[PDB]
């Protein structure tokens, strides 16, 4: 698994293709130029990725991109596990119909159901911070388009 702390250390066209293939949508123009990277974890052959970004006090998991054909080998789970070794606190959002939600239910320490989004987190013991994470997920503009 490739660990990067700058976009310069990744193959960005290949990462864009992974994201677009996984989500079956288009990545917004200038995504890499406008997104403050914290850490990314990308499988060697760009079949699964976890992208952490700066969004408030708690690390934000902005993208969990896993190709449908990488699930038999458990590649997305393996990349997630690598991220978690370094990341005791994090939060993220998910569509209500995301096939990954069963995995998220198992992996998360908490959940809050909102209109658009399921909001998940790990490692947060302060409910003011949890409330703020929920607000960030609701407020943060989308980076997938058509």
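Numbering follows the first chain given and starts at 1.
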{"property": "Which of 83-91 and 113-121 has higher mean CA B factor, as the PDB entry lists it", "result": "113-121"}
{"property": "Average Cα temperature factor in the PDB entry - higher stretch of 16-24, 125-133", "result": "125-133"}
{"property": "Entry-reported Cα temperature factor of residue 96, expressed as the chain third it lands in", "result": "highest"}
{"property": "Entry-reported Cα temperature factor of residue 44, expressed as the chain third it lands in", "result": "highest"}
{"property": "Chain third (lowest, middle, highest) by recorded CA B-factor, residue given as residue 34", "result": "middle"}
{"property": "Cα B factor band for residue 62 (lowest, middle or highest third within the chain)", "result": "lowest"}
